[PDB]
């Protein structure tokens, strides 16, 4: 029941500030340090700092302290990281994580906020079905798709049948074209399932707080 909840995304304009939130639940808030960890797209983890809720004691890696401020609201068991004067170098995923007392390991990690620094506007995606159309199979398997194109910024969440289709799924990493993101997801079922059983991709774009379903039809 231990939980560290983080918003999916924050789109920040260059030079603006951003407030990141980390809602804790299911444990004693005042007994844990709350750390902040930065991970740039395809790279490693980078520790930023930590804060203790009781005394507001903060410790930073002095390389990034100039831009970071850590904050806690004990009333709502929420940890905040303020970031100022953002640049493209500041775009990354920012996890919060907890550590008990002086045991300096991170047992419970948050979901992570994907932070994007750009002047481009938020754009919800267009979800287009991908059906075989004619090309089937006598006793083979049918592969169905879901094209999620033209959105900004990352991330996008794609499930099939609200999550009931876990296997045979291949969600491919988004590609940046013309400052817009395009993503495709693939599912695979035997021919006796589709079109007989209705499969639907659920696309959630947290940056725009937009959700769309798209049934795959012949």
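Residue numbers count along the first chain shown, from 1.
Q: Select between 190-198 and 204-212 the stretch whose C-alpha atoms have the higher average B-factor in the entry.
A: So the stretch with the higher mean C-alpha B-factor is 190-198.
Q: Of 151-159 and 164-172, which one has the bigger average CA B-factor?
A: Between 164-172 and 151-159, it is 164-172.
Q: Could you check 81, 91, 131, 120 and tell me which one carries the biggest Cα B-factor in the deposited entry?
A: Largest recorded C-alpha B-factor: 131.
Q: Highest Cα B-factor in the deposition, which of 101, 76, 140, 111?
A: Highest C-alpha B-factor among the listed options: 140.
Q: What third of the chain, by the recorded C-alpha B-factor, contains residue 97?
A: Bottom third by C-alpha B-factor.
Q: For residue 42, return the chain-relative third of its C-alpha B-factor as stated in the PDB record: lowest, middle or highest.
A: For residue 42, the deposited C-alpha B-factor lands in the highest third.
Q: According to the PDB entry, is the CA B factor of residue 217 in the bottom, middle or top third of its chain, that is, lowest, middle or highest?
A: As the PDB entry reports it, the C-alpha B-factor of residue 217 lands in the highest third of its chain.
Q: Within this chain's modelled residues, let me know which third the CA B factor of residue 135 belongs to: lowest, middle or highest.
A: Highest third.
Q: Could you say whether, by C-alpha temperature factor, residue 183 belongs to the lowest, middle or highest third of its chain?
A: Tercile = middle for this residue's CA B-factor.
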